[PDB]
Amino acid sequence: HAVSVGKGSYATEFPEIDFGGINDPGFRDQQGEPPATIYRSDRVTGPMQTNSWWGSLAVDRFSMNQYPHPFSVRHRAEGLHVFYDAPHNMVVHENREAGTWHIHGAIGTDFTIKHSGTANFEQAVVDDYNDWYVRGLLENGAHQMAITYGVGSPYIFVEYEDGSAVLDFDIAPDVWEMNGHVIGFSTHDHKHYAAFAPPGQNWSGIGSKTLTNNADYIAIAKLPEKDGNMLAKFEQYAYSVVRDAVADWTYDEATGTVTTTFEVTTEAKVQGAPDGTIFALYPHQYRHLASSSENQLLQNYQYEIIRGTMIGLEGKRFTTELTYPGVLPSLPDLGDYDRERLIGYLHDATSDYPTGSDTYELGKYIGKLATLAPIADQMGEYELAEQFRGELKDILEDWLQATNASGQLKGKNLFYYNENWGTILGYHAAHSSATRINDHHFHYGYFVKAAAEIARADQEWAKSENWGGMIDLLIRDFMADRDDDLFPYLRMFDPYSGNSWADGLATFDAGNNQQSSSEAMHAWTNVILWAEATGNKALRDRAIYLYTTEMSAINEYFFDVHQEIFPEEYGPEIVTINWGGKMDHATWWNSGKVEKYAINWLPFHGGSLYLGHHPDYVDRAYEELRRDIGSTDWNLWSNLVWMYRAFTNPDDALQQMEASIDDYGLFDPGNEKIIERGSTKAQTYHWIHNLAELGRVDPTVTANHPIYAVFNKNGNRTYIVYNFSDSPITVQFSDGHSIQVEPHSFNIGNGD
Ligand SMILES: OC[C@H]1O[C@@H](O[C@@H]2[C@@H](O)[C@H](O)O[C@H](CO)[C@H]2O)[C@H](O)[C@@H](O)[C@@H]1O
Ligand SMILES: OC[C@H]1O[C@@H](O[C@@H]2[C@@H](O)[C@H](O)O[C@H](CO)[C@H]2O)[C@H](O)[C@@H](O)[C@@H]1O
């Protein structure tokens with residue numbers, strides 16, 4: 001009932017859960033499994049994809065509302081409803097007492113794509129998928145309608161079995177261009193679309209509420225404008241149905257460049273149809289478009305969506321280019337702190353304990369210990385650092401074993417492989433990590449942090465035959481490569497939307513969502529560190545690709561650093577939860593003002609420096625939070641605000657820290673006013689004093705190795721490298737600076 005993996009194991013039978021005498025129904029219901037029923041055809045076998053923009057198609061009989069931008073769509077017994085949020089559908093609402101804001105559209109229907117033979121389909125199943133498109137199959141015996149659609153596709157491709165095409169409207173549309181087999185039309189409220197059938201198959205019902213075509217293939221396009229030249233361009237690719245779509249990437253270690261090429265492969269539905277499509281690019285893509293793709297832009301082809309303006313680009317492929325900025329295992333010892341005061345805070349942290357038994361609360365605790373251990377090493381407190389790492393080893397050697405001393409499955413503190421979906425689940429579970437396959441990057445990222453800190457000091461422990469095998473299993477669950485026997489590809493990540501999606505099932509009418517983008521960035525950071533420590537180049541590079549891409553989406557959709565995406569009337573300077581179809585300044589729990597910003601900053605670690613790349617943003621966001629609070633009396637998590645403020649004004653951060661850090665004493669789970677429960681006084685004091693000495697993050701300098709950071713204080717650069725190798729290295733920076741680094745050390749600020 002368990003599979004050995006090095007010294008560890010995972011359960012292959014669902015354990016008899018030890019509830020610990022807790023009767024709370026919510027807690028008990030968490031210790032379960034994801035849904036038994038998966039709505040997929042027999043063409044889709046093996047580990048099932050989860051955490052996707054389209055997931056509600058797999059989980060609900062039909063689907064919930066989905067956002068294949070620029071459209072929204074939903075499957076129903078009667079067919080596929082299609083919608084586009086026009087400006088008149090978009091609203092920005094504020095609930096002052098709740099402190100929440102919501103940017104959202106409507107769940108309406110512009111028309112329904114129907115099958116002539118039935119309006120009572122039995123179910124809609126996933127019939128195929130690739131990196132960002134899905135093929136949904138509405139089924140009723142011989143009657144079938146296969147719908148191919150995707151984020152960044154202004155087409156919906158429709159294939160019929162045993163019937164023909166129907167477009168049904170509640171109010172008769174305006175057919176403003178009638179080319180026989182191709183029509184340009186607008187809804188009563190002036191939304192512009194087109195429909196395409198093979199030559200000779202002419203549309204009927206023009207002027208009525210129901211447009212019909214005898215063809216067994218049609219495509220729908222959202223048109224950017226009521227424009228016959230655009231209609232003519234959409235005709236060129238309307239018969240090229242996307243079958244394959246891959247996002248292939250490379251990391252150039254010398255330059256830091258992460259290059260991603262998005263390539264489709266299509267199947268021709270008429271003779272001579274080109275192999276290509278029209279893509280709709282999101283801001284995080286087109287702002288980084290490779291020179292070589294520029295000639296494919298369709299300049300005036302714009303769509304407004306929740307994430308700003310999408311633009312059209314034609315052809316088989318396009319490429320984006322991003323810059324990986326490095327990460328560190330920890331800030332080094334470069335601050336002007338009182339070392340005895342910091343040593344005292346390190347000892348104070350021995351009082352801390354996890355505030356729950358589930359993967360998330362245990363995760364926060366081990367992240368806390370892993371953050372303290374290098375600081376203890378720096379202060380010369382090696383015995384204390386060893387105590388922290390020993391505690392990490394004790395916790396991980398427990399959780400990474402599924403059996404007890406007698407060889408029976410444990411009832412808690414273990415991992416289990418759900419074969420139905422194909423996912424590793426940890427018990428105790430929380431935040432629907434097991435029942436909805438939620439948040440695996442957020443939770444398991446902390447387990448990887450703990451393992452990476454152990455590996456930094458003890459390479460033996462981290463070997464695959466020891467505890468490394470189980471760590472690499474957890475990593476595969478949340479970010480597997482292609483053709484993994486146990487897990488779907490890159491579970492958490494949507495390579496086209498550019499971000500992770502936290503909900504395994506996506507059964508919301510706003511599509512999927514992600515709240516803590518920083519806990520996603522923390523997961524990617526820790527995989528980079530773990531992979532560097534254990535000599536796994538392929539895994540490291542995949543995590544670099546994720547870190548760097550996710551960063552591009554965070555800066556657009558969570559922060560809107562360019563002040564182009566959020567509506568002018570939206571008050572806050574952050575979106576807390578991004579959805580497929582809407583944006584909230586709100587949290588998944590009842591919180592105050594600080595938390596609706598800081599949930600996208602925490603935890604602070606050696607990969608957090610991406611938060612400081614846009615100093616005008618950091619100032620604008622801080623000042624807005626300060627305005628709303630009305631002072632620097634933060635309602636909760638004060639230390640996170642001080643650490644954030646230190647990115648641009650460490651003098652201010654320092655004065656706030658000095659005034660309040662010692663307000664309360666040792667760890668108290670009931671009181672997060674000053675110190676957030678995943679944080680410590682030691683971490684806070686070490687971070688702010690390091691920033692005070694280093695100055696600003698400098699993202700204009702790259703290096704030819706991946707574990708580094710560059711800071712700039714009034715034109716004076718500080719270069720930091722950590723070397724995980726047994727051998728000395730030389731690191732070349734993009735500004736001409738060159739340094740040597742000894743084995744298993746920082747170049748500067750090793751401490752002692
Ligand atoms: O959707 C991902 C997020 O899910 C959150 O839990 C949700 C519950 O709070 C709510 O009552 O029910 C929905 C399902 O309808 C749950 O998804 C977690 O708390 C978040 O951590 C998670 O990212
Ligand atoms: O401060 C006590 C409150 O903490 C909340 O936990 C938050 C998580 O839900 C969220 O996923 O992460 C943040 C940051 O780690 C946590 O503070 C509980 O949900 C509340 O019920 C609790 O009162």
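The count begins at 1 with the first shown residue.
Per the header of the entry, the method used was X-ray crystallography, 1.6 Å.
Each residue, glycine too, has its Cβ placed from N, Cα and C.
Feature annotations, courtesy of Swiss-Prot:
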- 1-224: region 'beta-sandwich subdomain' (REGION)
- 225-323: region 'alpha/beta subdomain' (REGION)
- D439: active site (ACT_SITE)
- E519: active site (ACT_SITE)
Helix, strand and coil totals (DSSP H, G, I; E, B; other) for the region 'alpha/beta subdomain' (225-323): 20 helix, 55 strand, 24 coil
The one of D439, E519 whose CB sees the fewest other CB atoms within 10 Å, among these active-site residues: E519
Nearest-integer angstrom distance between the alpha carbons (Cα) of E519 (active site) and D439 (active site): 9
